[PDB]
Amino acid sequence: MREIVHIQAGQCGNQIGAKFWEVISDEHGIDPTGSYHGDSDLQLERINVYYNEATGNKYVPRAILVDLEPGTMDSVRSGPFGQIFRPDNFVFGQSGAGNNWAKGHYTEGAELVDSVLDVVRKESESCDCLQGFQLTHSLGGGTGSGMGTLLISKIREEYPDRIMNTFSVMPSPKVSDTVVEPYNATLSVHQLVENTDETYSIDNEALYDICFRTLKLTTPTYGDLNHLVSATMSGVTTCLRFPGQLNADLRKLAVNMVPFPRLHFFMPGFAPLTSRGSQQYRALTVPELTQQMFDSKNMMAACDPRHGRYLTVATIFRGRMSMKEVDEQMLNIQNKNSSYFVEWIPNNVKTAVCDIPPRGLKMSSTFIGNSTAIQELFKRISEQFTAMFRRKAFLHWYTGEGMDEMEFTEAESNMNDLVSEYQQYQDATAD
């Protein structure tokens, strides 16, 4: 453990990735030029996990930016922190994926993949001790989805002993109108079940619902959704980038979170929920942070945790607070809600407290749950997939790329087995 290699694929992946880099640079005291201007040795202790130190006291993200479309790369370079990235790390095609998983995975993606692997190999071989990889992408499009999963498989081939981690954005008809999103997401989930060690399920259905219902934003934009994604990504990576005892690296996190290989889809939670530029009046208390953290309304995946059972939970508290109060509040939740935590995994809730709060807040809490309720996300995608597949809708766009109908049948079957497996552990008893 030390270095993490970050990969950003497609429009969503690059937008969410760029936001992650600007948020974490601010936390680590790094400005858009790569210079450290912070005021705390804690900010630099584990800087090497995400940044390479270049000549002249500059810090460079260990990030690879990928797209089959050039426009997104221009948007990244033009962004606030756009100048911090390594120019040789931008790997882009000229003809997009046209929101087609098959084009991203087999055709256009395959044509670009080796150029990407050459850049990831250069970053990986420069590592003193590589933890693994972190990929940001959507499952609904063509590049992030198809090419992103192709990259995962190609990387798994060359680095079989490293951890593969993803921030996978799940499609929703509430935010996108592309009819093929159920096909692209099911084909990707099939790949993720087999090839990743840990996946953060970032659901556009839940992000939209939070913005509309809680934040009272009549017309949520990707900027509003991405404000919730970046808060979450900062929270779930806190333990990796600051000194601490719990889930300090990708493997220790996986060992604590993943009891069965296929069951590696996490339901992230965050408190307090805020809107871009909302003037947050008074910091929350520890009982308020704990109550909200397990609340369905604070979940970044559109699943009710009360509809399932927690296999494992990681809770991260940020800011200056009593560790005694956190311990009491955390024990109270488990004792009161005993039935929503599997009895056959003792002490399955792990808590960490980081003194450094995120930007704009004095106190915050991040929840990472491995809940059997995530089956609701997969069932929603499966039902949308089946409605289309049963009518043989839009199939020619996929088969036209050389794919067979059987791949669709197989992907659907694998996702339904995953749902069945969650249900099996939901019903299992310590007997």
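Definition used throughout: the rigid core is the maximal C-alpha set that superposes within 1.5 Å between two forms. In case it trips you up, residue 1 is the first one in the sequence shown, and so on.
*Asks:* Between 239 to 247 and 330 to 338, which one strays more from this form in 4 other deposited structures of this protein if you match the rigid core and compare Cα atoms?
*Replies:* Evaluated in 4 other deposited structures of this protein, the stretch farther from the shown form is 239 to 247.
*Asks:* Is 61 to 69 or 48 to 56 the stretch whose C-alphas end up farther from this model in 4 other deposited structures of this protein after a rigid core fit?
*Replies:* The answer is 48 to 56, which departs more from the shown form in 4 other deposited structures of this protein.
*Asks:* Quick check: 161 to 169 versus 279 to 287, which has the larger average CA B-factor in the record?
*Replies:* Taking the mean B-factor of the alpha carbons in each, 279 to 287 is higher.
*Asks:* Could you check the entry and say whether 269 to 277 or 339 to 347 has the higher mean CA B-factor?
*Replies:* Stretch with the greater average CA B-factor: 269 to 277.
*Asks:* Please pick out which of 62, 390, 380, 362 has the largest Cα B-factor as recorded in the entry.
*Replies:* Largest recorded C-alpha B-factor: 362.
*Asks:* Can you tell me which of 186, 201, 75, 226 has the highest Cα temperature factor in the record?
*Replies:* Going by the entry's C-alpha B-factors, 75 comes out highest.
*Asks:* Among the chain's modelled residues, which third holds the C-alpha B-factor of residue 8?
*Replies:* Within its chain, residue 8 is a lowest-third residue by C-alpha B-factor, going by the deposited values.
*Asks:* How does the C-alpha B factor of residue 50 compare with the rest of the chain: lowest, middle or highest third?
*Replies:* As the PDB entry reports it, the C-alpha B-factor of residue 50 lands in the lowest third of its chain.
*Asks:* Splitting the chain's C-alpha B-factors into thirds, which one does residue 208 fall into?
*Replies:* Answer is lowest: the recorded C-alpha B-factor places it there.
*Asks:* Is residue 66 in the lowest, middle or highest third of its chain when residues are ranked by C-alpha B-factor?
*Replies:* It belongs to the middle third of the chain when residues are ordered by C-alpha B-factor.
*Asks:* If you rank the chain by CA B-factor, which third does residue 264 end up in: lowest, middle or highest?
*Replies:* Lowest third - that is where residue 264 ends up once the chain's C-alpha B-factors are sorted.
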